[PDB]
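Just below is one structure, and these are the notes that go with it.
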Amino acid sequence: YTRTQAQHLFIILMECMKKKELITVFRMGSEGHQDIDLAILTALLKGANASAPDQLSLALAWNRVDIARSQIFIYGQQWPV
Amino acid sequence: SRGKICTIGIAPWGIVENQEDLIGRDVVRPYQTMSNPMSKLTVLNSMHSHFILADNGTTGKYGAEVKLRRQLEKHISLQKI
């Protein structure tokens with residue numbers, strides 16, 4: 001596919017896999033989030049490294065109530081006063 | 001669905017989140033349902049149609065109602081249908 005093992009992108013790929021915290025992978029049947037619009041929107045909330053009120057404001061802006069129902073409002077959130 | 005279930009909840013008095021807001025006798029008392037984790041206490045679970053609060057003077061410790069609940073069950077089992 002590339003210039004053999006003479007030149008490879010393996011080091012950069014391994015660096016990306018070292019930074020794999022943000023990677024989200026879709027796959028039919030094998031994993032959950034079979035809906036792309038569900039999967040593409042969960043990435044913004046998870047990867048923002050924001051607190052619960054910030055993600056709640058994001059869900060209010062996007063007018064998607066099911067995501068805030070199933071992701072934001074779960075056990076153990078500890079909203080500020 | 002219609003109908004009501006006569007759910008009876010026997011709880012230790014020393015673990016409620018509000019020792020106050022419940023002193024009023026033969027009157028209606030509002031009660032908050034939002035639960036916060038820095039109080040080291042637990043709120044009364046809603047839609048329990050009857051509550052029995054048992055106290056032995058302590059505050060924040062369990063074990064104050066198991067004897068009462070067991071004796072009440074035994075006495076009910078001796079009642080005649």
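Residues in the structure tokens are numbered from 1 in each chain, the chains being A, B, ... in the order shown, and ligands are numbered from 1 in the order shown.
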| task | as a ChimeraX atom specification, please: all residues of chain A that backbone DSSP puts in helix (DSSP H, G or I). | result | /A:10-18,20-22,36-47,52-62,65-72
Any chance you could tabulate, as a Markdown table, the residues of chain A at most 9 Å from chain B with each one's nearest atom pair and distance in Å to one decimal, using only C-alpha atoms, in chain and rising number order?
| residue | atom | partner | partner_atom | distance |
| --- | --- | --- | --- | --- |
| A:76 | CA | B:37 | CA | 8.8 |
| A:78 | CA | B:36 | CA | 7.1 |
| A:79 | CA | B:36 | CA | 8.5 |
| said: Env of segment 49-53 of chain A: 7 Å cut, atoms = only C-alpha atoms, seq-sep filter 2 positions within chain, self excluded. Answer as a PyMOL selection string. | reply: chain A and resi 46-47+55-57+72+77+79
Keeping only N, CA, C and O atoms, take the residues you just selected and write them out as a compact mmCIF listing (two decimals), in the first residue's frame.
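To be explicit, this is the file written out as again-v5.txt:
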# COMPACT_ATOMS: atom_id res chain seq x y z
N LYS A 46 -18.23 13.98 25.10
CA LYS A 46 -17.20 13.25 25.82
C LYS A 46 -15.85 13.95 25.72
O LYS A 46 -15.16 14.16 26.72
N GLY A 47 -15.45 14.33 24.50
CA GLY A 47 -14.12 14.85 24.26
C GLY A 47 -13.90 16.29 24.65
O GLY A 47 -12.75 16.75 24.63
N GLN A 55 -22.15 20.54 29.28
CA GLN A 55 -22.74 19.59 28.34
C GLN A 55 -24.26 19.70 28.33
O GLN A 55 -24.89 19.50 27.28
N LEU A 56 -24.86 20.03 29.47
CA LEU A 56 -26.30 20.26 29.50
C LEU A 56 -26.68 21.47 28.66
O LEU A 56 -27.68 21.44 27.94
N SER A 57 -25.90 22.55 28.75
CA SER A 57 -26.15 23.71 27.91
C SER A 57 -25.96 23.37 26.44
O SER A 57 -26.70 23.86 25.58
N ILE A 72 -26.19 12.49 29.88
CA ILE A 72 -25.94 13.47 30.93
C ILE A 72 -26.60 13.05 32.24
O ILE A 72 -25.95 12.95 33.28
N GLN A 77 -23.66 12.50 39.09
CA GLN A 77 -23.21 13.65 38.32
C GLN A 77 -22.75 14.82 39.17
O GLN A 77 -21.81 15.51 38.78
N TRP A 79 -24.13 17.92 40.29
CA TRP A 79 -24.26 19.26 39.72
C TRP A 79 -23.89 20.31 40.76
O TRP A 79 -24.18 20.14 41.95
| So, counting only C-alpha atoms, which residue among A:67, A:58, A:81, A:6 is closest to residue 33 of chain A? |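 Using only C-alpha atoms, the shortest distance to residue 33 of chain A belongs to A:67.
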| Which distance in Å separates atom CA of residue 44 of chain A and atom CA of residue 71 of chain A, to one decimal? | 12.0 Å
